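J.: I'd like to ask you about the structure that follows.
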RNA sequence: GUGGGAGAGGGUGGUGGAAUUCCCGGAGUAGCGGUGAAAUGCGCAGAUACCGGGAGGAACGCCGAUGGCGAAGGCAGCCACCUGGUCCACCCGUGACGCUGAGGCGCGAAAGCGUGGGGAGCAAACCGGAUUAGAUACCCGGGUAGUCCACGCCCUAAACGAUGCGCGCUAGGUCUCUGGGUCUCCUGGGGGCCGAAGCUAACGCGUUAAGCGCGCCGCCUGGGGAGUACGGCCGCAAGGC
Ligand SMILES: [Mg+2]
Ligand SMILES: [Mg+2]
Ligand SMILES: [Mg+2]
Ligand SMILES: [Mg+2]
Ligand SMILES: [Mg+2]
Ligand SMILES: [Mg+2]
Ligand SMILES: [Mg+2]
Ligand SMILES: [Mg+2]
Ligand SMILES: [Mg+2]
Ligand SMILES: [Mg+2]
Ligand SMILES: [Mg+2]
Ligand SMILES: [Mg+2]
Ligand SMILES: [Mg+2]
Ligand SMILES: [Mg+2]
Ligand SMILES: [Mg+2]
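Protein chains in written order, with PDB author numbering: chain K, 11 to 129; chain R, 16 to 88; chain O, 2 to 89; chain F, 1 to 101.
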């Protein structure tokens, strides 16, 4: 309970799952959803569908606190990303905008073998 | 892609070695801090090169970003 | 670094005659300069291997000229030395 | 001696006093190293492409003091000792490689 | 010599931001993670996702090239200092002062060794999950030496262009880096591709020769045994020649 009205929605998509988050302007979260949350648990957490369900849950619960305008921010390139985004949009939540903020080092820590190989 | 216009034409006589010329430099960066290619800036190696050495100063100084957020999408 | 002056100063000091830039002395002297410098730089930056090889060549090029001087005119030779700082 | 361009960015929250103070050292400490200020062009406030010292802006300076090479990594080592001074950029002067002219 | 040019060539000091990890605070709740599927693992002592701050280590996105520098190994955030090589124009000086180079001496990726320090990420060994007929592996979760710094060793490699260095001679075309010119193009230095003659077992090379020649050095003489044994020399050792 708080009545935020205007906040931001952080979407974190990964090859393995998508967690969505809705904070308030200054940055503090209000509510969040995720593949797990919505019920899928395993290889399904990643599928776009889940992301859809997740993203919509992040909204429903968000709607509670009185949210109405989010500034969707994307991170990661996981499957079902440009998908979760399409959900928040068609959720009633006026999607102020979209931004890609996937972090990327300027050559930081040696990745693990899984993702190694320089060029 | 990139068959529009080079970032050199849209501009004039300018010191490619001036590390304070923000108004001009900002023209050589994408929707991000990313320093535009040559296929984009349309410069000579010697030039394109120097440009960077210059840009990378604008950065430390504080006049120029290192990276920007991608709007749209 | 060695200034234009520093250089010219040494040239117009050994030159056989006004206008002598490439005489066997000028050269030696000149070198000895470039050498005695780097010999200092390396006294510090011992880790600076690359520069060293640069010096490993000047020294060569230097003794090679001399070797030639001591041949042609053993006098000038015995001279360049006492004048500079070698053989001791 | 050689021609060096000096850039300096200090806390953009000083009053006439607090500020003129810093520049007292930027000048004092400066001359103490064979300053010789060929010129200066105080640009003042600037909107930084990114916060510096958690400050959304910055107060920029710029000189051209010609000084003794041997004493430069020092001169700056000195300008950094300041608190309200957050950036010391000492580039060596260079002909204006004009492009597209 | 003089005047000019390019450069991730080397060394020392400083310093920039992005990212990961960890700590502190906020806000927030049931999961995150991971995979072909999973599990181990981590989370209500509140993890994940989000915001703010801090500490620290390592590496430097875009530019970036099909690019450049270096004798080789190799070299890229930015700044300053110290320093090597090299290219062009002038035709100014010396007057064969040249080439090569047994042995010597120096440099020499990684791994490895010794002492001290540092230790974020990564990760031989190792500890576990899974897979499998088994799995001393590939996959997953952890993790020590190590990876980093200094000082001293070690001297190996598909250390590769699998092509020793130097000089001269022998069609062109085209792309490109760097200098000069009277700057359509000519001329010099370097990097590529197609190609004359020619060479070659063929593939291919072809003014960056693997062509035509001269000089000097190194090396080969069927396979296995074997880069082993013995000896010597070197190394703290591993081990090297
Ligand atoms: Mg002449
Ligand atoms: Mg004569
Ligand atoms: Mg001989
Ligand atoms: Mg070694
Ligand atoms: Mg090592
Ligand atoms: Mg050790
Ligand atoms: Mg790990
Ligand atoms: Mg592992
Ligand atoms: Mg050529
Ligand atoms: Mg050419
Ligand atoms: Mg033929
Ligand atoms: Mg060919
Ligand atoms: Mg035999
Ligand atoms: Mg062996
Ligand atoms: Mg022994």
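C-beta: ideal position from N, C-alpha, C; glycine also.
Quick one: Cα of residue 23 of chain F to Cα of residue 71 of chain R, how far?
T.: If you take the alpha carbons of residue 23 of chain F and residue 71 of chain R, they lie about 27 Å apart.
J.: Would you give the residue range spanned by the alpha helix (DSSP H) that residue 58 of chain F belongs to?
T.: Element bounds for residue 58 of chain F: not the alpha helix (DSSP H) but the beta strand (DSSP E), 58-62.
J.: Give the DSSP-derived three-state secondary structure of residue 4 of chain F in the structure shown.
T.: Note: residue 4 of chain F maps to strand in three-state DSSP.
J.: Using the beta-carbon count (16 or more within 10 Å), is residue 87 of chain K buried or exposed?
T.: It counts as exposed.
J.: My assumption, with CB atoms under 8 Å, is that residue 48 of chain R sits in contact with residue 58 of chain F. Please give the rounded CB distance.
T.: The Cβ separation is near 18 Å, so there is no contact.
J.: Taking a contact to mean a Cβ-Cβ separation below 8 Å, would you say residue 10 of chain F touches residue 85 of chain F in this structure?
T.: In contact: residue 10 of chain F and residue 85 of chain F (Cβ atoms closer than 8 Å).
J.: So for residue 104 of chain K, helix, strand or coil by DSSP?
T.: Of the three classes helix, strand and coil, the one that applies to residue 104 of chain K here is strand, per DSSP.
J.: Going by DSSP in three states, residue 14 of chain F sits in which element: helix, strand or coil?
T.: It is coil, neither helix nor strand.
J.: Against chain K, does residue 86 of chain R count as a neighbour if the rule is that its beta carbon must be under 8 Å from one of theirs?
T.: Chain K, which has a Cβ nearer than 8 Å to the Cβ of residue 86 of chain R, makes this yes.
J.: Look up residue 16 of chain K in the DSSP assignment and give the residues it is bridged to.
T.: Its beta-bridge partners are K:79.
J.: So with Cβ pairs under 8 Å, would you call residue 107 of chain K a contact of chain R?
T.: Chain R, which has a Cβ nearer than 8 Å to the Cβ of residue 107 of chain K, makes this yes.
J.: Per DSSP, what are the beta-bridge partners of residue 82 of chain R in this structure?
T.: Partner(s): none; residue 82 of chain R has no beta bridge.
J.: What is the DSSP secondary structure of residue 23 of chain K, reduced to helix, strand or coil?
T.: Here residue 23 of chain K sits in strand by DSSP.
J.: Between the C-alpha atoms of residue 54 of chain F and residue 87 of chain F, what's the straight-line distance to the nearest angstrom?
T.: Those two C-alpha atoms are separated by around 13 Å.
J.: According to DSSP, is residue 53 of chain F helix, strand or coil?
T.: Three-state DSSP puts residue 53 of chain F in coil, outside helix and strand.
J.: Say the cut is 7 Å; is the CB of residue 122 of chain K nearer than that to a heavy atom of ligand 7?
T.: For ligand 7, at least one heavy atom lies less than 7 Å from the Cβ of residue 122 of chain K.
J.: Are there 16 or more other CB atoms within 10 angstroms of the CB of residue 4 of chain F, so buried, or fewer, so exposed?
T.: Buried, because 16 or more other Cβ atoms sit within 10 Å of the Cβ of residue 4 of chain F.
J.: So, are the CB atoms of residue 106 of chain K and residue 79 of chain K less than 8 Å apart?
T.: Cβ atoms of residue 106 of chain K and residue 79 of chain K: closer than 8 Å.
J.: Should residue 65 of chain F and residue 37 of chain F be called a contact, given that it needs their Cβ atoms to be closer than 8 Å?
T.: Yes.
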